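Asks: Before I ask anything, here is the structure I am working with.
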Amino acid sequence: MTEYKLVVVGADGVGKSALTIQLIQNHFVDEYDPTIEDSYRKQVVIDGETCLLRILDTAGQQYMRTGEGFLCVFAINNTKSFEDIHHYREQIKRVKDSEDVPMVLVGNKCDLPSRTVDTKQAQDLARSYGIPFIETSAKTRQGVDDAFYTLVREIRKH
Ligand SMILES: Nc1nc2c(ncn2[C@@H]2O[C@H](COP(=O)(O)OP(=O)(O)O)[C@@H](O)[C@H]2O)c(=O)[nH]1
Ligand SMILES: [Mg+2]
């Protein structure tokens, strides 16, 4: 079966572990050790296709050169994580030695009212990279499937 290796990157505390657990395990984690950096697998039906998703959930503390898709995650109530989005894009290009990496920018925690990063603000950065932008909430599952599935399709075009 078609297997897709996805990599979740972004500053700590933006919800990288919660988005994977919501997608894979279908529930919301209130806490997840920031130093756990593991793979997580689940067979899914994307637009109606049996794909095997191998997701690597990264941490500050498991190969990324082999990842074919990267979700770049910040939180809408964390400017600092939005400002660091550029560092991870440069690390993706470095580790893949190409400026043509299938990639999706994700604004997590959009269930929170104390928002700082604006939508057009994130959309402008997305058009800067030529990549889609999807607002997600690991707590409500909002856009969670759309974030990951868009990446596979971005892989499917590449
Ligand atoms: N309200 C809300 N909280 C979230 C969301 N996603 C993650 N969190 C919380 O943010 C905290 C850090 O998330 P975590 O997945 O461990 O961060 P990371 O793995 O370092 O990126 C956790 O306590 C989550 O409960 C979300 O969509 N909405
Ligand atoms: Mg974590």
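Every chain in the structure tokens takes a letter, A first, then B, and so on in the order presented; its residues are numbered from 1, and the ligands are numbered from 1 following the presented order.
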Which residues are close to stretch 139-154 of chain A, i.e. within 7 Å by only C-alpha atoms, leaving aside same-chain residues fewer than 6 positions away? Reply as an MDAnalysis selection string.

Replies: chainID A and resid 19 22:23 28 46 69 102:104 106

Asks: Using only C-alpha atoms and all ligand atoms, tabulate the residues of chain A lying at most 10 Å from any atom of ligand 2, each with its closest atom pair and that distance in Å to one decimal, by chain and increasing residue number, as CSV.

Replies:
```
residue,atom,partner,partner_atom_place_in_ligand_line,distance
A:8,CA,ligand 2,1 (Mg),10.0
A:9,CA,ligand 2,1 (Mg),9.8
A:10,CA,ligand 2,1 (Mg),9.6
A:11,CA,ligand 2,1 (Mg),9.2
A:12,CA,ligand 2,1 (Mg),6.4
A:13,CA,ligand 2,1 (Mg),6.7
A:14,CA,ligand 2,1 (Mg),8.2
A:15,CA,ligand 2,1 (Mg),6.8
A:16,CA,ligand 2,1 (Mg),5.6
A:17,CA,ligand 2,1 (Mg),4.5
A:18,CA,ligand 2,1 (Mg),7.5
A:19,CA,ligand 2,1 (Mg),9.7
A:20,CA,ligand 2,1 (Mg),9.8
A:31,CA,ligand 2,1 (Mg),8.5
A:32,CA,ligand 2,1 (Mg),5.8
A:33,CA,ligand 2,1 (Mg),5.9
A:34,CA,ligand 2,1 (Mg),3.8
A:35,CA,ligand 2,1 (Mg),6.3
A:36,CA,ligand 2,1 (Mg),6.3
A:37,CA,ligand 2,1 (Mg),7.3
A:38,CA,ligand 2,1 (Mg),9.8
A:57,CA,ligand 2,1 (Mg),7.3
A:58,CA,ligand 2,1 (Mg),7.0
A:59,CA,ligand 2,1 (Mg),5.6
A:60,CA,ligand 2,1 (Mg),8.2
A:61,CA,ligand 2,1 (Mg),9.7
```

Asks: Name all residues at most 6 Å from stretch 66-68 of chain A (count only C-alpha atoms; drop same-chain ones fewer than 2 positions away) and give them as number ranges by chain.

Replies: A: 5-7, 63-64

Asks: Could you give me, as number ranges by chain, the residues within 8 Å of stretch 108-123 of chain A, counting only C-alpha atoms and dropping anything in the same chain fewer than 6 positions from it?

Replies: A: 14-15, 73-79, 82, 133, 135-140

Asks: May I have all residues of stretch 30-151 of chain A that DSSP, computed from the backbone, assigns to helix (DSSP H, G or I), given as a count of residues only?

Replies: 36

Asks: Given only C-alpha atoms as the basis, pick out the residue of A:53, A:71, A:95, A:85 nearest to residue A:39.

Replies: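 Checking each of A:53, A:71, A:95, A:85 against residue A:39, counting only C-alpha atoms, the winner is A:53.
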
Asks: Check the smallest atom-to-atom distance from each of A:42, A:157, A:127, A:65 to residue A:93 using only C-alpha atoms, then report the winner.

Replies: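 For residue A:93, the nearest of the given residues is A:65.
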
Asks: Identify, on the basis of only C-alpha atoms, every residue whose closest approach to residue A:2 does not exceed 12 Å; exclude the query and any residue fewer than 4 positions from it along the same chain; express the result as a ChimeraX atom specification.

Replies: /A:42-46,49-54,152,155-156

Asks: Could you write those residues out with N, CA, C and O atoms, as a PDB file, in the first residue's frame?

Replies:
```
ATOM      1  N   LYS A  42      -1.071   5.104  10.955  1.00  0.00           N
ATOM      2  CA  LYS A  42      -2.483   4.768  10.830  1.00  0.00           C
ATOM      3  C   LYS A  42      -2.818   4.704   9.349  1.00  0.00           C
ATOM      4  O   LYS A  42      -2.364   5.547   8.572  1.00  0.00           O
ATOM      5  N   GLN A  43      -3.578   3.683   8.964  1.00  0.00           N
ATOM      6  CA  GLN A  43      -4.066   3.572   7.599  1.00  0.00           C
ATOM      7  C   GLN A  43      -5.335   4.388   7.482  1.00  0.00           C
ATOM      8  O   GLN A  43      -6.234   4.272   8.320  1.00  0.00           O
ATOM      9  N   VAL A  44      -5.398   5.239   6.464  1.00  0.00           N
ATOM     10  CA  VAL A  44      -6.491   6.186   6.336  1.00  0.00           C
ATOM     11  C   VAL A  44      -7.081   6.098   4.935  1.00  0.00           C
ATOM     12  O   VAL A  44      -6.548   5.432   4.048  1.00  0.00           O
ATOM     13  N   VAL A  45      -8.198   6.797   4.750  1.00  0.00           N
ATOM     14  CA  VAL A  45      -8.886   6.887   3.468  1.00  0.00           C
ATOM     15  C   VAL A  45      -8.930   8.365   3.098  1.00  0.00           C
ATOM     16  O   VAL A  45      -9.766   9.118   3.609  1.00  0.00           O
ATOM     17  N   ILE A  46      -8.045   8.784   2.197  1.00  0.00           N
ATOM     18  CA  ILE A  46      -7.889  10.188   1.823  1.00  0.00           C
ATOM     19  C   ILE A  46      -8.524  10.390   0.459  1.00  0.00           C
ATOM     20  O   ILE A  46      -7.993   9.925  -0.557  1.00  0.00           O
ATOM     21  N   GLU A  49      -8.930   6.752  -0.500  1.00  0.00           N
ATOM     22  CA  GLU A  49      -7.773   5.956  -0.893  1.00  0.00           C
ATOM     23  C   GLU A  49      -7.079   5.378   0.332  1.00  0.00           C
ATOM     24  O   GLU A  49      -6.846   6.083   1.316  1.00  0.00           O
ATOM     25  N   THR A  50      -6.743   4.092   0.256  1.00  0.00           N
ATOM     26  CA  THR A  50      -6.046   3.387   1.329  1.00  0.00           C
ATOM     27  C   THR A  50      -4.583   3.810   1.318  1.00  0.00           C
ATOM     28  O   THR A  50      -3.783   3.318   0.519  1.00  0.00           O
ATOM     29  N   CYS A  51      -4.228   4.734   2.204  1.00  0.00           N
ATOM     30  CA  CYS A  51      -2.858   5.193   2.359  1.00  0.00           C
ATOM     31  C   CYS A  51      -2.368   4.752   3.724  1.00  0.00           C
ATOM     32  O   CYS A  51      -3.154   4.620   4.671  1.00  0.00           O
ATOM     33  N   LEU A  52      -1.067   4.524   3.826  1.00  0.00           N
ATOM     34  CA  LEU A  52      -0.436   4.264   5.113  1.00  0.00           C
ATOM     35  C   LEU A  52       0.347   5.505   5.542  1.00  0.00           C
ATOM     36  O   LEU A  52       1.346   5.860   4.913  1.00  0.00           O
ATOM     37  N   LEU A  53      -0.092   6.142   6.633  1.00  0.00           N
ATOM     38  CA  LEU A  53       0.539   7.355   7.157  1.00  0.00           C
ATOM     39  C   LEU A  53       1.505   6.973   8.264  1.00  0.00           C
ATOM     40  O   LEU A  53       1.108   6.333   9.238  1.00  0.00           O
ATOM     41  N   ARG A  54       2.767   7.305   8.083  1.00  0.00           N
ATOM     42  CA  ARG A  54       3.788   7.176   9.122  1.00  0.00           C
ATOM     43  C   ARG A  54       4.179   8.592   9.543  1.00  0.00           C
ATOM     44  O   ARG A  54       4.889   9.292   8.814  1.00  0.00           O
ATOM     45  N   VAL A 152      -0.704  15.244   2.099  1.00  0.00           N
ATOM     46  CA  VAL A 152      -0.571  14.075   1.230  1.00  0.00           C
ATOM     47  C   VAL A 152      -0.838  14.473  -0.211  1.00  0.00           C
ATOM     48  O   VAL A 152      -0.084  14.113  -1.118  1.00  0.00           O
ATOM     49  N   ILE A 155       1.928  16.167  -1.442  1.00  0.00           N
ATOM     50  CA  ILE A 155       2.887  15.151  -1.838  1.00  0.00           C
ATOM     51  C   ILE A 155       2.458  14.532  -3.157  1.00  0.00           C
ATOM     52  O   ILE A 155       3.286  14.302  -4.043  1.00  0.00           O
ATOM     53  N   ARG A 156       1.153  14.301  -3.332  1.00  0.00           N
ATOM     54  CA  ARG A 156       0.682  13.641  -4.544  1.00  0.00           C
ATOM     55  C   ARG A 156       0.978  14.467  -5.781  1.00  0.00           C
ATOM     56  O   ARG A 156       1.268  13.907  -6.841  1.00  0.00           O
TER      57      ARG A 156
END
```

Asks: Using DSSP on the backbone coordinates, identify all residues within chain A classified as strand (DSSP E or B); present the result as a PyMOL selection string.

Replies: chain A and resi 2-9+39-45+50-57+69-75+103-108+133-135

Asks: Take the selection from the previous step and output its residues with N, CA and C atoms, as an mmCIF file, in the first residue's frame.

Replies:
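Output saved as out08.cif:
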```cif
data_model
loop_
_atom_site.group_PDB
_atom_site.id
_atom_site.type_symbol
_atom_site.label_atom_id
_atom_site.label_comp_id
_atom_site.auth_asym_id
_atom_site.auth_seq_id
_atom_site.Cartn_x
_atom_site.Cartn_y
_atom_site.Cartn_z
ATOM 1 N N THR A 2 0.301 2.352 -0.493
ATOM 2 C CA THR A 2 1.004 3.633 -0.547
ATOM 3 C C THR A 2 1.203 4.199 0.860
ATOM 4 N N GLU A 3 2.460 4.365 1.221
ATOM 5 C CA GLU A 3 2.830 4.871 2.503
ATOM 6 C C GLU A 3 3.375 6.305 2.384
ATOM 7 N N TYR A 4 2.899 7.197 3.230
ATOM 8 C CA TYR A 4 3.355 8.558 3.222
ATOM 9 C C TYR A 4 3.959 8.944 4.530
ATOM 10 N N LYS A 5 5.219 9.330 4.533
ATOM 11 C CA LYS A 5 5.939 9.749 5.736
ATOM 12 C C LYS A 5 5.844 11.265 5.901
ATOM 13 N N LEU A 6 5.128 11.699 6.935
ATOM 14 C CA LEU A 6 4.868 13.103 7.212
ATOM 15 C C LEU A 6 5.664 13.541 8.438
ATOM 16 N N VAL A 7 6.148 14.779 8.442
ATOM 17 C CA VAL A 7 6.933 15.279 9.566
ATOM 18 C C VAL A 7 6.244 16.515 10.109
ATOM 19 N N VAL A 8 6.060 16.551 11.423
ATOM 20 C CA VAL A 8 5.426 17.664 12.119
ATOM 21 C C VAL A 8 6.497 18.457 12.843
ATOM 22 N N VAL A 9 6.656 19.724 12.458
ATOM 23 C CA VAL A 9 7.694 20.586 12.999
ATOM 24 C C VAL A 9 7.094 21.898 13.478
ATOM 25 N N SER A 39 7.408 7.967 16.033
ATOM 26 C CA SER A 39 6.566 7.794 14.858
ATOM 27 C C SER A 39 5.202 7.262 15.278
ATOM 28 N N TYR A 40 4.194 7.556 14.464
ATOM 29 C CA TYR A 40 2.838 7.086 14.698
ATOM 30 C C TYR A 40 2.222 6.737 13.354
ATOM 31 N N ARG A 41 1.619 5.557 13.269
ATOM 32 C CA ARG A 41 1.108 5.022 12.020
ATOM 33 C C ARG A 41 -0.407 4.873 12.085
ATOM 34 N N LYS A 42 -1.071 5.104 10.955
ATOM 35 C CA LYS A 42 -2.483 4.768 10.830
ATOM 36 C C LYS A 42 -2.818 4.704 9.349
ATOM 37 N N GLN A 43 -3.578 3.683 8.964
ATOM 38 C CA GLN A 43 -4.066 3.572 7.599
ATOM 39 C C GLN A 43 -5.335 4.388 7.482
ATOM 40 N N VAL A 44 -5.398 5.239 6.464
ATOM 41 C CA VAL A 44 -6.491 6.186 6.336
ATOM 42 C C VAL A 44 -7.081 6.098 4.935
ATOM 43 N N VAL A 45 -8.198 6.797 4.750
ATOM 44 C CA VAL A 45 -8.886 6.887 3.468
ATOM 45 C C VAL A 45 -8.930 8.365 3.098
ATOM 46 N N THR A 50 -6.743 4.092 0.256
ATOM 47 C CA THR A 50 -6.046 3.387 1.329
ATOM 48 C C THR A 50 -4.583 3.810 1.318
ATOM 49 N N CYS A 51 -4.228 4.734 2.204
ATOM 50 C CA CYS A 51 -2.858 5.193 2.359
ATOM 51 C C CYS A 51 -2.368 4.752 3.724
ATOM 52 N N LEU A 52 -1.067 4.524 3.826
ATOM 53 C CA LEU A 52 -0.436 4.264 5.113
ATOM 54 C C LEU A 52 0.347 5.505 5.542
ATOM 55 N N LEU A 53 -0.092 6.142 6.633
ATOM 56 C CA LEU A 53 0.539 7.355 7.157
ATOM 57 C C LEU A 53 1.505 6.973 8.264
ATOM 58 N N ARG A 54 2.767 7.305 8.083
ATOM 59 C CA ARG A 54 3.788 7.176 9.122
ATOM 60 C C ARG A 54 4.179 8.592 9.543
ATOM 61 N N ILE A 55 3.691 9.038 10.691
ATOM 62 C CA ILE A 55 3.894 10.421 11.117
ATOM 63 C C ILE A 55 4.988 10.492 12.182
ATOM 64 N N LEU A 56 5.987 11.356 11.956
ATOM 65 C CA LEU A 56 7.054 11.627 12.919
ATOM 66 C C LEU A 56 6.771 12.943 13.646
ATOM 67 N N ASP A 57 6.564 12.853 14.955
ATOM 68 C CA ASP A 57 6.226 13.989 15.808
ATOM 69 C C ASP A 57 7.499 14.517 16.470
ATOM 70 N N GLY A 69 6.828 15.032 3.446
ATOM 71 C CA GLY A 69 5.876 16.088 3.687
ATOM 72 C C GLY A 69 6.096 16.650 5.064
ATOM 73 N N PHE A 70 6.017 17.968 5.201
ATOM 74 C CA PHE A 70 6.266 18.611 6.480
ATOM 75 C C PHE A 70 5.094 19.524 6.793
ATOM 76 N N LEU A 71 4.491 19.342 7.967
ATOM 77 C CA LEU A 71 3.492 20.274 8.487
ATOM 78 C C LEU A 71 4.180 21.246 9.425
ATOM 79 N N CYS A 72 4.114 22.531 9.115
ATOM 80 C CA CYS A 72 4.756 23.556 9.922
ATOM 81 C C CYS A 72 3.698 24.213 10.793
ATOM 82 N N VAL A 73 3.800 23.973 12.096
ATOM 83 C CA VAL A 73 2.748 24.287 13.046
ATOM 84 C C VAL A 73 3.170 25.443 13.936
ATOM 85 N N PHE A 74 2.304 26.443 14.032
ATOM 86 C CA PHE A 74 2.399 27.476 15.059
ATOM 87 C C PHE A 74 1.047 27.525 15.759
ATOM 88 N N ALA A 75 0.942 28.296 16.844
ATOM 89 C CA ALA A 75 -0.322 28.470 17.552
ATOM 90 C C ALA A 75 -0.795 29.914 17.421
ATOM 91 N N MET A 103 4.546 20.983 1.684
ATOM 92 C CA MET A 103 4.580 21.654 2.968
ATOM 93 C C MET A 103 3.250 22.334 3.219
ATOM 94 N N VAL A 104 2.805 22.307 4.463
ATOM 95 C CA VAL A 104 1.577 22.989 4.851
ATOM 96 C C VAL A 104 1.828 23.746 6.150
ATOM 97 N N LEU A 105 1.433 25.011 6.189
ATOM 98 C CA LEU A 105 1.485 25.809 7.404
ATOM 99 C C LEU A 105 0.176 25.655 8.176
ATOM 100 N N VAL A 106 0.278 25.435 9.481
ATOM 101 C CA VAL A 106 -0.892 25.156 10.299
ATOM 102 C C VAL A 106 -0.943 26.135 11.461
ATOM 103 N N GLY A 107 -2.088 26.787 11.618
ATOM 104 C CA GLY A 107 -2.374 27.588 12.787
ATOM 105 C C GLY A 107 -3.216 26.807 13.771
ATOM 106 N N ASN A 108 -2.597 26.335 14.832
ATOM 107 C CA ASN A 108 -3.277 25.494 15.784
ATOM 108 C C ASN A 108 -3.979 26.320 16.879
ATOM 109 N N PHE A 133 -2.369 27.065 3.731
ATOM 110 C CA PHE A 133 -2.457 27.365 5.152
ATOM 111 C C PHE A 133 -3.801 26.884 5.688
ATOM 112 N N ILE A 134 -3.785 26.126 6.787
ATOM 113 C CA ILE A 134 -4.996 25.528 7.355
ATOM 114 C C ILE A 134 -5.050 25.801 8.852
ATOM 115 N N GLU A 135 -6.166 26.352 9.321
ATOM 116 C CA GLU A 135 -6.383 26.555 10.746
ATOM 117 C C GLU A 135 -6.930 25.282 11.367
#
```

Asks: Between A:81, A:92, A:126, A:62, which residue has the minimum interatomic distance to ligand 1, considering only C-alpha atoms and all ligand atoms?

Replies: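 Among A:81, A:92, A:126, A:62, it is A:81 that comes nearest to ligand 1.
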
Asks: Counting only C-alpha atoms, figure out which residue out of A:129, A:29, A:124, A:47 gets nearest to residue A:86.

Replies: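 Closest candidate: A:129.
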